[PDB]
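A short worksheet on the structure shown next.
Note that we place each Cβ from the backbone using ideal geometry, even for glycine, and neighbour counts take in every protein chain shown. All of the numbers you see were taken from the coordinates with simple rules; none came from a lab.
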Amino acid sequence: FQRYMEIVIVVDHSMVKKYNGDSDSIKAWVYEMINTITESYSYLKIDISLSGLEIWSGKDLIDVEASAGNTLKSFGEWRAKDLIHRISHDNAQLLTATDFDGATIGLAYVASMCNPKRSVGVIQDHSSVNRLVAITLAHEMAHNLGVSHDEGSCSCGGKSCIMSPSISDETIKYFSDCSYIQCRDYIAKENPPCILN
Ligand SMILES: [Ca+2]
Ligand SMILES: [Zn+2]
């Protein structure tokens, strides 16, 4: 049974600076990522719809911190207080050029699909290869859908897939059988209504 996920991508001010204010360049970068993950999600029978793309060109609407956990929390709260009343969507992801403390390049709440303040994730625009960033984006969204990291013999043809605990050159842009299983059982068990439409 097909599920539909209406998402909004939010681009922060550090990203706008990183791209020298070129809003079109920013749109092309984000669009290519969406193109990539739309395919990956189709194989889990989840249709991705880009409901909106918000760019914080004037200034950030939250304080994006080096602390990934602080930023994630602030982002969800801002989403619930502001964003959901302007655009109807099921999930929102923040794209930032900020380098978070430690090895962290993305963070997200687990099993929180449809929660006003928790159906969110944060991702660092960590690579010049669009594919690597798209994978991180897919990864955090997957955490919202209750999927955990791959391990052992989980595979997607090869063994290094989207839910790999490490992002690299050899990561395959597809979800493993493990991710498929976990994702579908979460939907089956929790059946979040917002992705039913
Ligand atoms: Ca929806
Ligand atoms: Zn993860």
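Brief remarks on what is shown
- The chain: radius of gyration and largest Cα-Cα distance (Dmax), Å: 15.6, 47
- For the pair residue 81 and residue 39, label points projected 7 Å from Cα toward Cβ lie 4.0 nm apart.
- Sequence-distant residues sharing a close amide H with residue 48 (under 5 Å, placed H): 5
- Residues 175, 1, ranked from the fewest to the most other C-beta atoms within 10 Å, line up as 1, 175.
- Note on residue 129 and residue 191: with the Förster distance fixed at 25 Å, the Cβ-Cβ geometry gives a FRET efficiency of about 0.10.
- Residue-count net charge about residue 147 - beta-carbon cut-off 11 Å; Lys, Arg +1, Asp, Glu -1: -2
- Kirkwood Rh and Cα Rg combined as Rg over Rh, evaluated for segment 37-79: 1.12
- Put simply, when 100-107, 185-192 are sorted by average Cβ atoms within 10 angstrom per residue, most first, you get 100-107, 185-192.
- CD proxy at 222 nm, helix term only [per DSSP H run n ≥ 4: -39500 (n - 2.57); per residue of the chain; nearest 500]: -11500 deg cm²/dmol
- If only the Cβ of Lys and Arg carry +1 and only the Cβ of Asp and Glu carry -1, the dipole of the chain around its Cα centre is close to 420 debye.
- Förster radius 30 Å - calculated FRET efficiency between residue 27 and residue 177, Cβ distance, rounded to 0.05: 0.30
- Each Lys or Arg adds one and each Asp or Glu takes one away; over the other residues whose Cβ falls under 14 Å from the Cβ of residue 81, this sums to +3.
- With the simple model of a label 7 Å out from the Cα in the direction of the Cβ, residue 155 to residue 170 spans 1.4 nm.
- Pairs of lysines in segment 1-145 (C-alpha under 30 Å apart; 8 or more residues apart or interchain): 23
- Distance between segment 128-165 and segment 1-80 - C-alpha centres, whole angstrom: 17
- Percent antiparallel among DSSP beta bridges (both partners in the chain, rounded to 5): 15
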